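Worksheet: the structure to be examined is printed underneath.
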Amino acid sequence: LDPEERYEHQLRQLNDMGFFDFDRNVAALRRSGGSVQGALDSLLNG
């Protein structure tokens with residue numbers, strides 16, 4: 001699956017929280033294993 005499938009529900013949550021950059025969102029989700037909480041931490045830190 002492409003990440004847009006794979007991470008559909010977590011991309012929505014991230015976008016709903018003001019995180020719109022797709023590449024950054026996907027990168028953060030891959031490092032977190034698909035965890036939104038972890039992705040959010042990455043997106044806020046650095």
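By order of appearance in the structure tokens: chains A, B, ..., then residues from 1 within every chain, and ligands from 1 in the order shown.
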**Sel. of helix (DSSP H, G or I) residues, chain A, as an MDAnalysis selection string** = chainID A and resid 3:6 8:16 22:32 36:44
Just write the chosen residues, N, CA and C atoms, as an mmCIF file, in the first residue's frame.
data_model
loop_
_atom_site.group_PDB
_atom_site.id
_atom_site.type_symbol
_atom_site.label_atom_id
_atom_site.label_comp_id
_atom_site.auth_asym_id
_atom_site.auth_seq_id
_atom_site.Cartn_x
_atom_site.Cartn_y
_atom_site.Cartn_z
ATOM 1 N N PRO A 3 1.534 5.111 1.383
ATOM 2 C CA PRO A 3 1.355 5.647 2.744
ATOM 3 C C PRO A 3 0.011 6.330 2.965
ATOM 4 N N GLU A 4 -0.565 6.843 1.892
ATOM 5 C CA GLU A 4 -1.867 7.467 1.956
ATOM 6 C C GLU A 4 -3.074 6.597 2.315
ATOM 7 N N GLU A 5 -3.188 5.408 1.730
ATOM 8 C CA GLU A 5 -3.740 4.213 2.385
ATOM 9 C C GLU A 5 -3.298 3.765 3.753
ATOM 10 N N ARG A 6 -2.027 3.425 3.832
ATOM 11 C CA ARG A 6 -1.460 2.822 5.022
ATOM 12 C C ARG A 6 -1.670 3.660 6.268
ATOM 13 N N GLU A 8 -3.834 6.368 6.587
ATOM 14 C CA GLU A 8 -5.010 7.195 6.347
ATOM 15 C C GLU A 8 -5.553 7.847 7.614
ATOM 16 N N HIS A 9 -5.841 7.034 8.622
ATOM 17 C CA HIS A 9 -6.459 7.546 9.840
ATOM 18 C C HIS A 9 -5.509 8.447 10.637
ATOM 19 N N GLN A 10 -4.213 8.150 10.605
ATOM 20 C CA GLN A 10 -3.244 8.967 11.341
ATOM 21 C C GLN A 10 -2.914 10.270 10.597
ATOM 22 N N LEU A 11 -2.933 10.242 9.265
ATOM 23 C CA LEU A 11 -2.811 11.476 8.482
ATOM 24 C C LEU A 11 -3.979 12.435 8.759
ATOM 25 N N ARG A 12 -5.185 11.888 8.901
ATOM 26 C CA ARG A 12 -6.326 12.707 9.206
ATOM 27 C C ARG A 12 -6.163 13.385 10.561
ATOM 28 N N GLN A 13 -5.809 12.609 11.580
ATOM 29 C CA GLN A 13 -5.579 13.143 12.925
ATOM 30 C C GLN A 13 -4.508 14.247 12.935
ATOM 31 N N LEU A 14 -3.407 14.025 12.228
ATOM 32 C CA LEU A 14 -2.330 15.019 12.113
ATOM 33 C C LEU A 14 -2.772 16.309 11.440
ATOM 34 N N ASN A 15 -3.514 16.172 10.344
ATOM 35 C CA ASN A 15 -4.075 17.308 9.613
ATOM 36 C C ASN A 15 -5.097 18.093 10.415
ATOM 37 N N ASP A 16 -5.957 17.366 11.122
ATOM 38 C CA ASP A 16 -6.941 17.958 12.023
ATOM 39 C C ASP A 16 -6.291 18.746 13.149
ATOM 40 N N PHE A 22 2.682 16.658 4.039
ATOM 41 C CA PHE A 22 2.524 15.208 3.828
ATOM 42 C C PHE A 22 3.839 14.442 3.997
ATOM 43 N N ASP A 23 4.902 14.944 3.375
ATOM 44 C CA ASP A 23 6.215 14.298 3.460
ATOM 45 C C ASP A 23 6.705 14.212 4.910
ATOM 46 N N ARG A 24 6.566 15.309 5.652
ATOM 47 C CA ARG A 24 6.965 15.348 7.055
ATOM 48 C C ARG A 24 6.093 14.443 7.885
ATOM 49 N N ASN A 25 4.788 14.458 7.621
ATOM 50 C CA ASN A 25 3.864 13.588 8.330
ATOM 51 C C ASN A 25 4.206 12.108 8.162
ATOM 52 N N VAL A 26 4.478 11.707 6.923
ATOM 53 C CA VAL A 26 4.804 10.316 6.586
ATOM 54 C C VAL A 26 6.145 9.890 7.189
ATOM 55 N N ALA A 27 7.146 10.749 7.060
ATOM 56 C CA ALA A 27 8.453 10.528 7.661
ATOM 57 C C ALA A 27 8.344 10.294 9.169
ATOM 58 N N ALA A 28 7.556 11.135 9.842
ATOM 59 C CA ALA A 28 7.369 11.057 11.291
ATOM 60 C C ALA A 28 6.629 9.781 11.698
ATOM 61 N N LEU A 29 5.601 9.421 10.924
ATOM 62 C CA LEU A 29 4.846 8.194 11.143
ATOM 63 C C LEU A 29 5.645 6.904 10.926
ATOM 64 N N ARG A 30 6.572 6.921 9.990
ATOM 65 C CA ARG A 30 7.406 5.760 9.753
ATOM 66 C C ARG A 30 8.365 5.510 10.925
ATOM 67 N N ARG A 31 8.901 6.594 11.494
ATOM 68 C CA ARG A 31 9.784 6.513 12.660
ATOM 69 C C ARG A 31 9.028 6.106 13.938
ATOM 70 N N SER A 32 7.734 6.392 13.985
ATOM 71 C CA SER A 32 6.901 6.088 15.142
ATOM 72 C C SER A 32 6.178 4.750 14.994
ATOM 73 N N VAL A 36 0.477 8.021 16.170
ATOM 74 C CA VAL A 36 0.214 9.459 16.048
ATOM 75 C C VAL A 36 0.908 10.252 17.157
ATOM 76 N N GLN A 37 0.828 9.741 18.383
ATOM 77 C CA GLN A 37 1.461 10.389 19.538
ATOM 78 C C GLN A 37 2.949 10.593 19.315
ATOM 79 N N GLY A 38 3.627 9.573 18.780
ATOM 80 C CA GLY A 38 5.057 9.653 18.489
ATOM 81 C C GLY A 38 5.365 10.562 17.329
ATOM 82 N N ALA A 39 4.582 10.431 16.259
ATOM 83 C CA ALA A 39 4.695 11.336 15.095
ATOM 84 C C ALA A 39 4.552 12.792 15.539
ATOM 85 N N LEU A 40 3.535 13.072 16.344
ATOM 86 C CA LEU A 40 3.308 14.414 16.899
ATOM 87 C C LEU A 40 4.496 14.951 17.666
ATOM 88 N N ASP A 41 5.140 14.092 18.466
ATOM 89 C CA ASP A 41 6.346 14.482 19.180
ATOM 90 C C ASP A 41 7.456 14.879 18.214
ATOM 91 N N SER A 42 7.666 14.075 17.174
ATOM 92 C CA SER A 42 8.694 14.357 16.160
ATOM 93 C C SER A 42 8.414 15.659 15.438
ATOM 94 N N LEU A 43 7.153 15.872 15.098
ATOM 95 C CA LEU A 43 6.728 17.055 14.356
ATOM 96 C C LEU A 43 6.885 18.343 15.173
ATOM 97 N N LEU A 44 6.722 18.247 16.490
ATOM 98 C CA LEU A 44 6.899 19.401 17.387
ATOM 99 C C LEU A 44 8.354 19.629 17.766
#
